[PDB]
Structures are given as structure tokens and as C-alpha cells.
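Peer 1: What follows is a single structure, and I will ask about it in a moment.
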Amino acid sequence: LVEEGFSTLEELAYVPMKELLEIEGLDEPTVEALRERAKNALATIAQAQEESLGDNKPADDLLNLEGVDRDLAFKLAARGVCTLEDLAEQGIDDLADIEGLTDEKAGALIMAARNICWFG
Amino acid sequence: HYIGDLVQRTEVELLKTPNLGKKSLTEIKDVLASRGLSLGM
């Protein structure tokens, strides 16, 4: 694949099927499987990065609690609090070191998360 | 401060307290139950 000029997962996911079928030893089923794997890998990388910081996964799950700005969602996800369930399981003491989060604001967000996860 | 103060609080009130998780609430119930006490008396 690299000798045929493919360097990125994006090229393999999006390039016209004809160019991948010009490679010696690729059949239409194997090209389809390779593209599906490349798209699934790109989706897994996009989900992984979105959960590590606050791009989409933590910008929706961890940010469900009313009051969570995108910056706070990424600060939470940097501590491994990636979902609204992960936030509902925290104590105030576990979040006390997050810059811009007061004990009162931490307590309000944990209670909002618990109200949605455990009482919704 | 006292066991008599704890026994008067409801489970819903204890979940509002700061640094109070679902795990610590289950621990408090299991310990009170071992002494024949329940929350909300």
C-alpha cells in the first residue's frame, strides 16, 4: 500500500475504488473490506480523540450536566471523566483540583449528572 | 456529629452533600443496617 503511494488512512477511506483496484492482488471484496476498516479506524480515532479531550464524545456526554462548558468538559475528560455516568460517580473531593471548578459548582454538576443518570 | 443526626437524614438529602458518591451512601446503609438502624427515622 505504501509502495503504491498510500500514506494516510483518509486516502485509503476516500480514494476512488478504481485506483485501489489497480494495485496487484486487490479484488473488489478486499478493497471494500479495506475501505470499511479504514473508515472504522478513522471513526475509532475520532471517537478516541473526542473522549480524550472535549471534541464530541465528552462535549455531549460529560457536557450533558447543565453548566458544563466545552473547556470544563475537556478538563473532566483529562481526569478520565468522559461520560455523564463517570461524572455522577465522582465526589466533590475528586474534582476539587480542576481550575475554575468551585466545590459548590462541582456539587451542582455531580447532582445534575445524578438526576439525569439515576432519576431520569 | 452523632448517629442520631445521621439516622434522621433521608437518602435523598445525603446524596446532595458535597463529596458524597453512590458507593459511600451504600457503605453508610450497610453499616447502619449492621446496627439495626435505617436512614429517615
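Following the order of the C-alpha cells, chains are lettered A, B, ..., residues in each are numbered from 1, and ligands are numbered from 1.
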Could you write out as a ChimeraX atom specification the residues of chain A within 6 Å of chain B, counting only C-alpha atoms?
Peer 2: /A:89,91-93,107
Peer 1: Within chain B, find each residue whose DSSP state, derived from the backbone, is alpha helix (DSSP H), and express the selection as a VMD selection string.
Peer 2: chain B and resid 3 to 8 11 to 14 22 to 34
Peer 1: If you count only C-alpha atoms, which residues fall within 12 Å of residue A:80, apart from same-chain ones fewer than 2 positions away, as number ranges by chain?
Peer 2: A: 51-54, 58, 62, 73-78, 82-87, 89-90, 94-95
Peer 1: Go ahead and write the residues just picked, N, CA and C atoms, as a short mmCIF file (atom, residue, chain, number, x, y, z; two decimals), in the first residue's frame.
Peer 2:
```cif
data_model
loop_
_atom_site.label_atom_id
_atom_site.label_comp_id
_atom_site.auth_asym_id
_atom_site.auth_seq_id
_atom_site.Cartn_x
_atom_site.Cartn_y
_atom_site.Cartn_z
N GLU A 51 -13.19 11.60 23.10
CA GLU A 51 -13.36 11.18 24.52
C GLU A 51 -12.15 11.65 25.34
N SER A 52 -10.95 11.60 24.76
CA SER A 52 -9.72 12.06 25.47
C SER A 52 -9.86 13.54 25.83
N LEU A 53 -10.22 14.38 24.85
CA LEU A 53 -10.46 15.82 25.12
C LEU A 53 -11.97 16.07 25.14
N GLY A 54 -12.42 17.25 24.71
CA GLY A 54 -13.86 17.56 24.65
C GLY A 54 -14.26 17.96 23.25
N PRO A 58 -17.02 13.67 24.87
CA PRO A 58 -17.18 14.39 26.15
C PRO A 58 -17.89 15.74 25.99
N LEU A 62 -20.19 14.07 28.80
CA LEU A 62 -19.74 14.77 30.04
C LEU A 62 -20.37 16.17 30.12
N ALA A 73 -15.56 20.39 30.16
CA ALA A 73 -15.72 19.02 29.66
C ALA A 73 -14.38 18.38 29.28
N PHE A 74 -13.49 19.14 28.62
CA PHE A 74 -12.14 18.66 28.30
C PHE A 74 -11.26 18.50 29.55
N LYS A 75 -11.37 19.39 30.54
CA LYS A 75 -10.68 19.25 31.84
C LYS A 75 -11.15 18.00 32.60
N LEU A 76 -12.45 17.71 32.59
CA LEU A 76 -13.03 16.49 33.17
C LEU A 76 -12.52 15.24 32.44
N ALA A 77 -12.54 15.26 31.11
CA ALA A 77 -12.09 14.13 30.31
C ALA A 77 -10.58 13.87 30.44
N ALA A 78 -9.77 14.90 30.68
CA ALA A 78 -8.35 14.76 31.02
C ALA A 78 -8.12 14.01 32.35
N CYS A 82 -15.23 10.94 31.24
CA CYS A 82 -15.56 11.12 29.82
C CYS A 82 -17.07 11.17 29.58
N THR A 83 -17.87 10.54 30.43
CA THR A 83 -19.33 10.42 30.27
C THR A 83 -20.09 11.08 31.42
N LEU A 84 -21.40 11.26 31.24
CA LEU A 84 -22.27 11.80 32.29
C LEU A 84 -22.39 10.82 33.48
N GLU A 85 -22.29 9.52 33.23
CA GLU A 85 -22.19 8.49 34.28
C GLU A 85 -20.89 8.62 35.09
N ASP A 86 -19.75 8.81 34.42
CA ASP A 86 -18.47 9.00 35.12
C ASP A 86 -18.52 10.19 36.07
N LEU A 87 -19.19 11.29 35.66
CA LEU A 87 -19.37 12.48 36.49
C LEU A 87 -20.33 12.23 37.67
N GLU A 89 -20.64 9.45 39.27
CA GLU A 89 -19.88 8.62 40.21
C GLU A 89 -18.83 9.40 41.02
N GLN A 90 -18.44 10.61 40.61
CA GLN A 90 -17.43 11.40 41.32
C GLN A 90 -17.93 11.95 42.67
N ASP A 94 -12.89 14.62 44.38
CA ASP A 94 -12.21 14.10 43.19
C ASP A 94 -12.02 15.18 42.10
N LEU A 95 -12.86 16.22 42.14
CA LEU A 95 -12.90 17.32 41.18
C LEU A 95 -12.31 18.64 41.71
#
```
Peer 1: Any idea what the distance is between atom CA of residue A:64 and atom CA of residue A:111?
Peer 2: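 Interatomic distance here is 12.0 Å.
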Peer 1: Excluding same-chain residues fewer than 5 positions from residue A:4, what lies within 10 Å of it counting only C-alpha atoms, as a PyMOL selection string?
Peer 2: chain A and resi 19-20+22-24
Peer 1: Show me, as a list in words, the residues that have an atom within 10 Å of stretch 33-37 of chain B when counting only C-alpha atoms, minus same-chain residues fewer than 3 positions from it.
Peer 2: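 Here the qualifying residues turn out to be residues 3, 4, 6, 7, 27, 28, 29, 30, 40 and 41 of chain B.
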Peer 1: Those same residues, written as a PDB file, in the first residue's frame with C-alpha atoms?
Peer 2:
```
ATOM      1  CA  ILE B   3     -25.521   8.622  64.897  1.00  0.00           C
ATOM      2  CA  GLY B   4     -28.907  10.191  65.897  1.00  0.00           C
ATOM      3  CA  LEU B   6     -27.374  10.661  60.599  1.00  0.00           C
ATOM      4  CA  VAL B   7     -30.484   8.462  61.147  1.00  0.00           C
ATOM      5  CA  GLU B  27     -21.378   1.883  52.785  1.00  0.00           C
ATOM      6  CA  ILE B  28     -23.390   4.107  55.219  1.00  0.00           C
ATOM      7  CA  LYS B  29     -26.553   1.971  54.675  1.00  0.00           C
ATOM      8  CA  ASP B  30     -24.721  -1.355  55.135  1.00  0.00           C
ATOM      9  CA  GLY B  40     -35.107   8.507  57.766  1.00  0.00           C
ATOM     10  CA  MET B  41     -36.147   7.520  61.343  1.00  0.00           C
TER      11      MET B  41
END
```
Peer 1: Between atom CA of residue B:12 and atom CA of residue A:65, what is the spacing in Å?
Peer 2: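 A separation of 18.6 Å between them.
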Peer 1: Interatomic distance between atom CA of residue B:10 and atom CA of residue B:25?
Peer 2: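 Interatomic distance here is 10.9 Å.
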